[PDB]
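Trainee: Have a look at this one before I ask anything.
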Amino acid sequence: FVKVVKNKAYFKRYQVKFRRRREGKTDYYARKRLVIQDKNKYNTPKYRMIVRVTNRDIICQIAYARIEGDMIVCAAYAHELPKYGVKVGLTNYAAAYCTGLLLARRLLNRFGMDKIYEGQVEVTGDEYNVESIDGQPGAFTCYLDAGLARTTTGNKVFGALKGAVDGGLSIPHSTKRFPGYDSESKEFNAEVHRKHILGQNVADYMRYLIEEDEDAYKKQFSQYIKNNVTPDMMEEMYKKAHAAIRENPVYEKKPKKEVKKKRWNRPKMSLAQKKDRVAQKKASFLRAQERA
Amino acid sequence: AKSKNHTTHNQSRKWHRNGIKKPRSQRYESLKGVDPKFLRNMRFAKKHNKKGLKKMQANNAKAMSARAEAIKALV
Amino acid sequence: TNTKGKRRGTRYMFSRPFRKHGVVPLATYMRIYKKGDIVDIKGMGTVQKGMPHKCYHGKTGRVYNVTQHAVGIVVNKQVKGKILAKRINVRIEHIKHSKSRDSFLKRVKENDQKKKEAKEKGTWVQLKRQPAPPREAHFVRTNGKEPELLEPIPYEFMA
Amino acid sequence: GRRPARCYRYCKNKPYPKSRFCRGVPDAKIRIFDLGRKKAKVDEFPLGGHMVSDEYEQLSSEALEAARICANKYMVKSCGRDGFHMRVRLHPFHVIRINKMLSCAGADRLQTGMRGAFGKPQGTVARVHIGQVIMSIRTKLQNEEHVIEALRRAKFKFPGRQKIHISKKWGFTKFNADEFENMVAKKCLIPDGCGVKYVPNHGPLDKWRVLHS
Amino acid sequence: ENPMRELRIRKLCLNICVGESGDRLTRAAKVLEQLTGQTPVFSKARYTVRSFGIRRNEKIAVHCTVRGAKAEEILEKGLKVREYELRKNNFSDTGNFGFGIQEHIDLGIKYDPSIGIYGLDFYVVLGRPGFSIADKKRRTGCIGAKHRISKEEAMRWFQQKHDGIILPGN
RNA sequence: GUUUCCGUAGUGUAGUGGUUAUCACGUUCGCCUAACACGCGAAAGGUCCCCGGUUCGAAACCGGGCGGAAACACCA
RNA sequence: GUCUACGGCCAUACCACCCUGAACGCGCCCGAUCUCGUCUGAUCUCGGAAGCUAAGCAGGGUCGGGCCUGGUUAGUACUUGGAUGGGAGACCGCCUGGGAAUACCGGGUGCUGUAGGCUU
RNA sequence: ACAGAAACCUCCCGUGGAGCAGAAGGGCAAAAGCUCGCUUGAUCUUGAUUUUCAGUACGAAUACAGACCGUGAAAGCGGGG
RNA sequence: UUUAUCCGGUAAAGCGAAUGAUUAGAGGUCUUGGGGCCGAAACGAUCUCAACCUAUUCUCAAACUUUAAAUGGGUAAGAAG
Ligand SMILES: [Mg+2]
Ligand SMILES: [Mg+2]
Ligand SMILES: [Mg+2]
Ligand SMILES: [Mg+2]
Ligand SMILES: [Mg+2]
Ligand SMILES: [Mg+2]
Ligand SMILES: [Mg+2]
Ligand SMILES: [Mg+2]
Ligand SMILES: [Mg+2]
């Protein structure tokens with residue numbers, strides 16, 4: 001034996017953490033410092049661009065924070081991108097661009113600004129940083145939210161940012177982490193961001209793998225074979241997207257009504273139905289051993 | 001040569017005889033104490049008020065003749 | 001004679017209550033304060049920057065400033081007679097909206113509303129509050145019982 | 001030795017527990033707040049005779065000693081050595097003080113009179129409220145008289161005033177004597193050496209499964 | 001028929017304690033280097049101990065963690081020396097196990113008259129798919145009730161692959 | 001009662017700043033001696049008073065105590 | 001119904017164990033071409049998509065611990081004022097108001113905020 | 001393994017029992033605990049306030065504002081601890 | 001003095017809620033021990049005492065507190081709205 005750590009005392013005194021902590025989802029200190037708006041403002045919000053790359057789909061959304069629960073003004077996911085001619089490889093840093101770009105333009109169609117602060121168009125992979133035009137609606141801004149991603153150089157998060165910056169939001173971004181920064185020198189190549197934005201990471205992996213061995217191709221990326229996608233092509237899917245996104249960002253939904261509406265959870269057992277099960281036993285037991 | 005080392009005895013009696021005056025608070029209290037970047041600003045608000053009085057006067061008379069017409073249209 | 005130190009006797013005031021030791025719920029610094037609004041001070045351990053101090057732990061005052069994360073606030077503090085309306089610079093964390101005013105406001109909104117209406121009648125409505133009157137003649141009734149007889153019960157020594 | 005109990009009869013001061021704050025406390029005179037057959041059972045030993053204070057006072061540790069002993073002496077005789085339990089229920093425990101005796105030699109010259117008035121530890125005492133138990137005993141139902149008088153003699157080692165009372169509980173439990181035989185025969189109450197466990201319609205059903213089995 | 005409760009080796013830990021520092025330690029690092037093929041981490045003293053000749057923040061042991069197939073390839077060629085047989089009380093309460101060796105040469109290694117013979121502790125962390133749930137950063141958690149490798153599942157692990165006897169009696 | 005001071009090998013006594021412990025004496029073993037002394041070579045011996053704390057660590061630095069010592073206890 | 005993303009209040013939410021997951025996601029997973037990070041691709045980053053709900057999570061279960069309410073204890077303990085009340089004294093009695101806490105009994109077990117799915 | 005109440009390693013539990021130069025006292029956890037990189041916000045400058053209060057000083061603190069900067073993808077955070 | 005509304009940590013209580021003391025039994029080779037006694041010796045039998053801890057129980061804390069009063073302290077109860 002030992003001492004039981006988890007006494008009654010353990011649970012009388014155990015003070016829960018703080019829900020979105022237990023689930024393990026949220027810097028809040030850091031949500032604190034991100035969100036809370038100074039009080040030389042009282043009502044005016046503080047927008048943050050939220051990016052968490054999931055695992056299958058990248059979600060990007062602008063949110064502002066109210067006392068009832070931060071309200072989302074605009075949300076652009078990766079699984080929308082089939083619309084814009086991108087079938088696959090859509091949790092991949094280059095698709096976080098398109099997603100973040102989408103977001104910037106779905107937002108900027110509202111408050112009527114799709115005709116101004118377009119940001120960069122051809123795409124370089126440099127300092128683009130929006131400069132608000134005088135005598136117009138001043139540009140939009142938000143303080144990027146990474147969540148819990150160890151934000152090393154190359155990571156998709158502050159890469160989707162590049163999308164929303166490229167798309168005409170005025171986020172404070174530095175360049176120290178865009179894929180291309182040399183951590184033994186301190187500049188860009190920038191023409192590495194060329195690739196890194198358009199997926200010639202994936203092209204040049206789709207080409208180192210192929211000439212060595214077959215059937216690691218196909219295993220490692222079947223859906224890159226299926227859907228009649230290739231290297232060479234890749235660069236010129238994405239360029240149709242940062243064009244196609246930008247001619248129409250708006251969401252149309254899909255209308256929804258049908259469901260029969262069956263209940264195929266399980267329900268809470270009512271009092272009496274627990275109340276008997278003990279009385280139902282203890283009569284199953286008693287009877288059983290008033291015998292043998 | 002020892003003695004008393006405080007008391008707060010009759011006292012209530014005193015700092016109370018003449019009253020305890022809950023501080024007489026005027027309207028229009030001083031803005032000294034406020035962040036300078038308020039005042040720095042609200043003085044540019046206060047200074048450039050008269051620039052924009054022509055609007056103010058005409059726009060008053062509009063509402064005054066519209067409400068001379070509202071009260072007369074009631075009559 | 002005792003020590004003057006700013007946080008004497010606070011061992012068990014500023015101490016956070018139970019099972020709340022930790023992350024300050026964010027709401028408490030994302031509600032808006034603005035000059036005129038009346039506010040109750042209530043010191044807090046967790047954050048020490050911009051603390052009030054015990055001689056006004058649990059007072060109320062109106063707000064006169066608003067800085068980036070603090071609220072300048074005018075409170076009355078009694079001092080051997082002369083009360084002093086005096087101003088401190090307390091960080092938001094240690095402050096709430098007193099609901100003190102908020103019975104009135106709801107009473108105003110009702111009286112202006114009940115005066116504007118019943119003006120098209122001209123019937124005089126009871127606007128003022130009025131203290132709890134003496135409870136009116138009512139009857140009681142037993143139906144088909146006499147009432148139950150109490151007797152004081154005999155003492156026996158329990159232990 | 002010590003001033004007569006008189007001078008420390010009455011609770012004036014706030015409890016001084018022996019702790020970090022006072023130290024160098026001479027060990028409490030009394031040490032055994034139960035004797036006899038403390039190896040008894042609940043079911044064979046049915047008479048919670050009690051001694052109860054009637055006054056808000058302090059009791060010295062050394063009184064409790066005597067109070068006990070003189071009840072171990074009369075019971076034994078009476079019942080025999082096996083035929084009771086005695087429990088004292090006031091382990092002395094706020095610490096009592098003594099200015100250090102105003103010590104001086106012969107005619108003397110200087111004592112300093114009052115400076116550093118604060119004394120030292122002298123001993124230990126109990127707080128006792130009214131209607132609060134000091135000693136209790138159990139025997140057989142048979143042997144009531146032989147409890148009565150044992151506590152009766154103990155009252156005389158012992159200041160103020162205090163009634164002897166016979167309880168309504170199984171010996172040393174809290175459970176009202178009119179009621180055990182029933183409460184045991186059906187197992188609301190399960191035997192546990194001296195005391196007894198109240199077992200409620202609460203815990204997991206496999207806890208019950210062990211009883212009525 | 002089980003889906004992917006493939007009881008499988010998460011890691012193999014090699015420690016070589018030698019309460020000395022400098023040489024007699026620095027050489028021991030080359031043994032793990034040689035055996036594994038990865039630069040081992042020097043451990044150090046938690047705190048000073050007198051009968052031992054060790055001091056707080058002095059280097060003592062040198063240790064490695066080997067994983068993937070190259071764990072399999074050093075567990076095998078590890079037990080072999082212990083001729084595929086262990087004892088009952090190494091199959092531990094959390095479904096890990098541990099078998100120590102006496103002399104580093106017995107594992108297909110060349111002795112230099114300089115670089116002597118420091119055996120090593122081999123231990124291995126059995127896992128299962130979805131044991132990294134704990135160790136990750138986002139959406140962390142705990143590993144079920146089952147999905148936890150009990151002593152006795154870790155036993156007939158080792159008894160149906162390396163087919164050892166696992167002799168009883170302490 | 002209050003203010004000082006010590007305690008370390010079998011004994012008298014050194015010692016350090018926080019890594020380490022001595023001297024002399026005593027004693028055990030040889031030698032020399034006919035035999036003791038003396039002389040010459042070898043040797044073993046304490047929680048550094050008892051404590052709790054700090055610290056990598058304490059014999060040594062705090063706090064408490066226990067034993068042995070010293071010094072005051074002046075106007076009447 | 002339910003989930004995801006972001007959330008509010010922070011256990012009616014925790015913990016312990018038992019049961020079931022249709023679709024989408026959410027996950028587990030597979031690998032190191034690049035970015036990046038390690039002793040170890042064990043964690044982070046990245047490129048994926050060959051499997052399965054093994055677990056999380058979600059959904060449910062326990063005369064389950066806990067937490068949250070109700071009751072009881074109890075008009076008890078304690079107390080504002082009150083008396084030329086008692087009592088050698090400790091203390092105790094009453095009058096006028098206020099009025100707790102445990103053991104012991106009950107019931108409950110997270111509510112919803114915006115954005116977006118699926119059950120068309 | 002040698003390794004023993006203590007070296008070294010690995011799994012599990014671990015609301016806080018550690019830790020946070022010190023008296024306590026308050027405060028603290030994908031922190032304010034621990035490890036490393038980068039550094040000088042311990043910098044220059046007006047004012048307002050709190051605390052000791054006479055509501056005088058000093059000391060210590062709190063809020064702002066102006067420079068010039070570190071850090072950080074950034075929000076902020078930072079004018080000694 | 002009411003009615004709203006904050007503030008408050010004293011009396012009491014509890015200590016089967018944290019800390020700190022502390023009695024007692026049931027229980028436990030938990031550990032482990034140190035003695036026995038029966039055993040060469042054997043968690044072998046039986047004792048015993050240490051310590052720990054599993055349900056319990058006695059009694060307490062000014063430098064404790066889950067609870068937690070009475071008495072008390074701010075505001076507010078509008079034309080400066
Ligand atoms: Mg961060
Ligand atoms: Mg991997
Ligand atoms: Mg599952
Ligand atoms: Mg399942
Ligand atoms: Mg329950
Ligand atoms: Mg009178
Ligand atoms: Mg940090
Ligand atoms: Mg500045
Ligand atoms: Mg107090």
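Here the Cβ positions follow ideal geometry from the backbone for every residue, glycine too, while neighbour counts run over all protein chains shown. Values in this text are rule-based calculations from the coordinates and carry no lab data.
Trainee: Just to be sure, is residue A:174 within 24 Å of the chain's Cα centre (by Cα), more than 19 Å from residue A:74 (Cα to Cα), part of a loop (DSSP other than H, G, I, E, B) and more than 16 Å from RNA strand F (Cβ to nearest atom)?
Mentor: Numbers: within 24 Å of the chain's Cα centre (by Cα): yes; more than 19 Å from residue A:74 (Cα to Cα): yes; part of a loop (DSSP other than H, G, I, E, B): yes; more than 16 Å from RNA strand F (Cβ to nearest atom): yes.
Yes, satisfied.
Trainee: Working carefully through the options C:75, C:71, find the one that is near RNA strand I (Cβ under 10 Å from one of its atoms) and either part of a loop (DSSP other than H, G, I, E, B) or surrounded by 14 or more Cβ atoms within 10 Å (Cβ to Cβ) (or both).
Mentor: Working: C:71 fails: near RNA strand I (Cβ under 10 Å from one of its atoms).
Criteria check complete, one pass: C:75.
Trainee: Can you find a residue in the range D:31-45 that is farther than 26 Å from residue D:144 by Cβ and either surrounded by fewer than 17 Cβ atoms within 10 Å (Cβ to Cβ) or in contact with a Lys or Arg (Cβ under 6 Å, 6 or more places away or on another chain) (or both)? Lay out the reasoning, then the answer.
Mentor: As a first pass, look at the range D:31-45 and keep what is farther than 26 Å from residue D:144 by Cβ: D:31.
Right, trim to either surrounded by fewer than 17 Cβ atoms within 10 Å (Cβ to Cβ) or in contact with a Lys or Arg (Cβ under 6 Å, 6 or more places away or on another chain) (or both) and you get D:31.
Checked the range D:31-45: at least one residue is farther than 26 Å from residue D:144 by Cβ and either surrounded by fewer than 17 Cβ atoms within 10 Å (Cβ to Cβ) or in contact with a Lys or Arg (Cβ under 6 Å, 6 or more places away or on another chain) (or both).
Trainee: With respect to the numbered conditions (1) surrounded by 12 or more Cβ atoms within 10 Å (Cβ to Cβ); (2) near RNA strand H (Cβ under 9 Å from one of its atoms), which one is the sole condition not fulfilled by residue A:7?
Mentor: (1)
Trainee: Given C:61, C:22, C:36, which one is of a type in the set (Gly, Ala, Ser), surrounded by 15 or more Cβ atoms within 10 Å (Cβ to Cβ) and away from RNA strand F (no atom under 16 Å from the Cβ)?
Mentor: Details: C:22 fails: surrounded by 15 or more Cβ atoms within 10 Å (Cβ to Cβ); C:36 fails: surrounded by 15 or more Cβ atoms within 10 Å (Cβ to Cβ).
Going through C:61, C:22, C:36 in turn, the sole match is C:61.
Trainee: Considering only the range E:123-148, state which residues are among the aliphatic types (A, V, I, L, M) and more than 8 Å from RNA strand H (Cβ to nearest atom). Walk me through how you get there before you give the answer.
Mentor: We begin by selecting, within the range E:123-148, every residue among the aliphatic types (A, V, I, L, M); these are E:124-126, E:133-134, E:143, E:145.
Hits for the range E:123-148 are E:124, E:126, E:133, E:145.
Trainee: Show the residue pairs that are 6+ apart or on different chains and have beta-carbon atoms under 7 Å apart, the first residue being within the range C:64-81 and more than 8 Å from chain B (Cβ to nearest Cβ) and more than 17 Å from residue B:12 (Cβ to Cβ), the second being buried (at least 19 other Cβ atoms within 10 Å of the Cβ) and of a type in the set (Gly, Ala, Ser).
Mentor: Partner pairs satisfying both residue conditions: C:73/C:61; C:74/C:61; C:75/C:61.
Trainee: Of all residues in the range C:82-96 being within 11 Å of chain B (Cβ to nearest Cβ) and in contact with a strand residue (DSSP E or B) (Cβ under 7 Å, 6 or more places away or on another chain), which is surrounded by the fewest Cβ atoms within 10 Å (Cβ to Cβ)?
Mentor: The qualifying residue surrounded by the fewest Cβ atoms within 10 Å (Cβ to Cβ) is C:84.
Trainee: Based on what the data block shows, is residue D:134 touching a helix residue (DSSP H, G or I) at 6+ places or on another chain (Cβ under 6 Å) and of a type outside the set (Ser, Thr, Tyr)? First the steps, then the outcome.
Mentor: On the way: touching a helix residue (DSSP H, G or I) at 6+ places or on another chain (Cβ under 6 Å): no; of a type outside the set (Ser, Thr, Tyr): yes.
Spelling it out, it is not the case that residue D:134 is touching a helix residue (DSSP H, G or I) at 6+ places or on another chain (Cβ under 6 Å) and of a type outside the set (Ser, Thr, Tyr).
Trainee: Looking at (1) closer than 23 Å to residue E:8 by Cα; (2) away from ligand 1 (no atom under 16 Å from the Cβ); (3) within 14 Å of another protein chain (Cβ to nearest Cβ); (4) basic (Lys, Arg), which is the one condition that is false for residue E:139?
Mentor: (1)
Trainee: Right, next: I'm trying to understand the selection: among the residues of the range C:20-41, which are at the interface with chain A (Cβ under 7 Å from one of its Cβ atoms) and small (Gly, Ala, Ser)? I'd like the intermediate steps shown before the answer.
Mentor: The initial filter retains those residues of the range C:20-41 that are at the interface with chain A (Cβ under 7 Å from one of its Cβ atoms), namely C:21-23, C:26-27, C:29-34.
Within the range C:20-41, C:22, C:27 qualify.
Trainee: Take the residues of the range A:86-127 that are crowded, with 16+ Cβ neighbours inside 10 Å and small (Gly, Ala, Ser): which is nearest to residue A:60 (Cα to Cα)?
Mentor: Ranking the qualifying residues of the range A:86-127, first place goes to A:100.
This table checks each residue for (1) of a type outside the set (A, V, I, L, M, F, W, C); (2) touching a residue at least 60 places away in the same chain (Cβ under 8 Å).
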residue	(1), (2)
E:93	yes, no
E:122	no, yes
E:155	no, yes
E:168	yes, yes
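Trainee: Follow-up question, since we're still on this one. So residue D:194 fits all but one of (1) within 13 Å of RNA strand I (Cβ to nearest atom); (2) without any contact (Cβ under 8 Å) to a residue 60 or more places away in the chain; what number is the exception?
Mentor: Status for residue D:194: all satisfied but (2).
Trainee: Also: Output the qualifying pairs, or none if there are none: Cβ atoms under 6 angstrom, residues six or more apart or on different chains, first residue in the range A:67-86 and part of a helix (DSSP H, G or I), second residue of a type in the set (A, V, I, L, M).
Mentor: Pairs found: A:81/A:90; A:84/A:241; A:84/A:244; A:84/A:245.
Trainee: Scan the range A:43-96 for residues that are away from RNA strand H (no atom under 14 Å from the Cβ), within 14 Å of chain C (Cβ to nearest Cβ) and either touching a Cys at 6+ places or on another chain (Cβ under 8 Å) or not polar (S, T, N, Q) (or both) and report the count.
Mentor: 6
Trainee: Hey, another quick one. Among the residues of the range E:111-132, is there at least one that is within 19 Å of the chain's Cα centre (by Cα), more than 16 Å from ligand 9 (Cβ to nearest atom) and within 14 Å of chain A (Cβ to nearest Cβ)?
Mentor: The initial filter retains those residues of the range E:111-132 that are within 19 Å of the chain's Cα centre (by Cα), namely E:117-128, E:131-132.
Among the residues that remain, those that are also more than 16 Å from ligand 9 (Cβ to nearest atom) are: E:117-128, E:131-132.
Then drop every residue that is not within 14 Å of chain A (Cβ to nearest Cβ), which leaves E:132.
Scanning the range E:111-132 turns up at least one residue that is within 19 Å of the chain's Cα centre (by Cα), more than 16 Å from ligand 9 (Cβ to nearest atom) and within 14 Å of chain A (Cβ to nearest Cβ).
Trainee: If residue A:11 meets every condition in (1) within 14 Å of chain C (Cβ to nearest Cβ); (2) touching a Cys at 6+ places or on another chain (Cβ under 7 Å); (3) more than 24 Å from residue C:28 (Cα to Cα) apart from one, which number is that one?
Mentor: With respect to (1) within 14 Å of chain C (Cβ to nearest Cβ); (2) touching a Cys at 6+ places or on another chain (Cβ under 7 Å); (3) more than 24 Å from residue C:28 (Cα to Cα), residue A:11 is out only on (2).
Trainee: Hey, another quick one. Name the residue, out of C:17, C:52, that is in contact with a strand residue (DSSP E or B) (Cβ under 6 Å, 6 or more places away or on another chain) and either part of a loop (DSSP other than H, G, I, E, B) or within 11 Å of chain A (Cβ to nearest Cβ) (or both).
Mentor: Values: C:17 fails: in contact with a strand residue (DSSP E or B) (Cβ under 6 Å, 6 or more places away or on another chain).
After applying the criteria, what remains is C:52.
Trainee: What are the residues in the range C:81-99 that are more than 18 Å from residue B:24 (Cα to Cα) and of a type outside the set (A, V, I, L, M, F, W, C), if any?
Mentor: Let us first name the residues in the range C:81-99 that are more than 18 Å from residue B:24 (Cα to Cα), namely C:88-99.
Those that are more than 18 Å from residue B:24 (Cα to Cα) and of a type outside the set (A, V, I, L, M, F, W, C): C:89, C:91, C:93, C:94, C:96, C:97, C:98, C:99.
Trainee: While we're on this one: Restricting to the range A:107-159, name every residue that is within 16 Å of RNA strand H (Cβ to nearest atom), among the β-branched types (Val, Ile, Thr) and away from every other protein chain (no Cβ under 14 Å).
Mentor: Those that are within 16 Å of RNA strand H (Cβ to nearest atom), among the β-branched types (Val, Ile, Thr) and away from every other protein chain (no Cβ under 14 Å): A:130, A:141, A:153.
Trainee: Out of the range A:126-164, which residues are within 15 Å of ligand 1 (Cβ to nearest atom), part of a loop (DSSP other than H, G, I, E, B) and not aromatic (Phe, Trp, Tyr)?
Mentor: Answer for the range A:126-164, where residues must be within 15 Å of ligand 1 (Cβ to nearest atom), part of a loop (DSSP other than H, G, I, E, B) and not aromatic (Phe, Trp, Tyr): A:144, A:146, A:147, A:148, A:149, A:150, A:151, A:152, A:155.
Trainee: Let me ask something else. Condition first: assigned to a loop (DSSP other than H, G, I, E, B), facing chain C (nearest Cβ under 10 Å) and not aromatic (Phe, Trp, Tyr). Now tell me which residues in the range A:29-42 satisfy that.
Mentor: Filtering the range A:29-42 down to residues assigned to a loop (DSSP other than H, G, I, E, B) leaves A:29-30, A:36-42.
Okay, now just the ones that are also facing chain C (nearest Cβ under 10 Å), so A:29, A:36-42.
Across the range A:29-42, the qualifying residues are A:36, A:37, A:38, A:39, A:40, A:41.
Trainee: Got a sec? Which of D:22, D:7, D:11 is within 15 Å of RNA strand G (Cβ to nearest atom), part of a loop (DSSP other than H, G, I, E, B) and on the phi < 0 side of the Ramachandran plot?
Mentor: D:11
Trainee: Could you list, in sequence order, all residues of the range D:153-196 that are part of a strand (DSSP E or B), more than 13 Å from RNA strand G (Cβ to nearest atom) and within 14 Å of chain C (Cβ to nearest Cβ)?
Mentor: Here is the first cut: in the range D:153-196, the residues part of a strand (DSSP E or B) are D:162-166, D:169, D:176, D:189-192, D:195-196.
Add one more test, that the residue is more than 13 Å from RNA strand G (Cβ to nearest atom), and what stays is D:164-166, D:169, D:191-192.
Matches in the range D:153-196: D:164, D:165, D:166, D:169.
Results for (1) within 16 Å of RNA strand F (Cβ to nearest atom); (2) closer than 25 Å to residue C:75 by Cβ; (3) away from every other protein chain (no Cβ under 14 Å), shown as yes or no for each residue.
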| position | (1), (2), (3) |
| --- | --- |
| B:7 | no, no, no |
| B:14 | no, yes, no |
| B:19 | no, yes, no |
| B:32 | no, yes, no |
| B:36 | no, yes, no |
| B:41 | no, no, no |
| B:63 | no, no, yes |
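Trainee: Looking only at residues that are of a type in the set (D, E, K, R) and at the interface with chain C (Cβ under 10 Å from one of its Cβ atoms) in the range A:14-28, which one is surrounded by the fewest Cβ atoms within 10 Å (Cβ to Cβ)? Give the steps one after another, and end with the answer.
Mentor: Step one: of the range A:14-28, the residues of a type in the set (D, E, K, R) are A:17, A:19-23, A:25, A:27.
If we keep only those that are at the interface with chain C (Cβ under 10 Å from one of its Cβ atoms) too, we end up with A:17, A:21.
Working: A:17: 12, A:21: 14.
That would be A:17.
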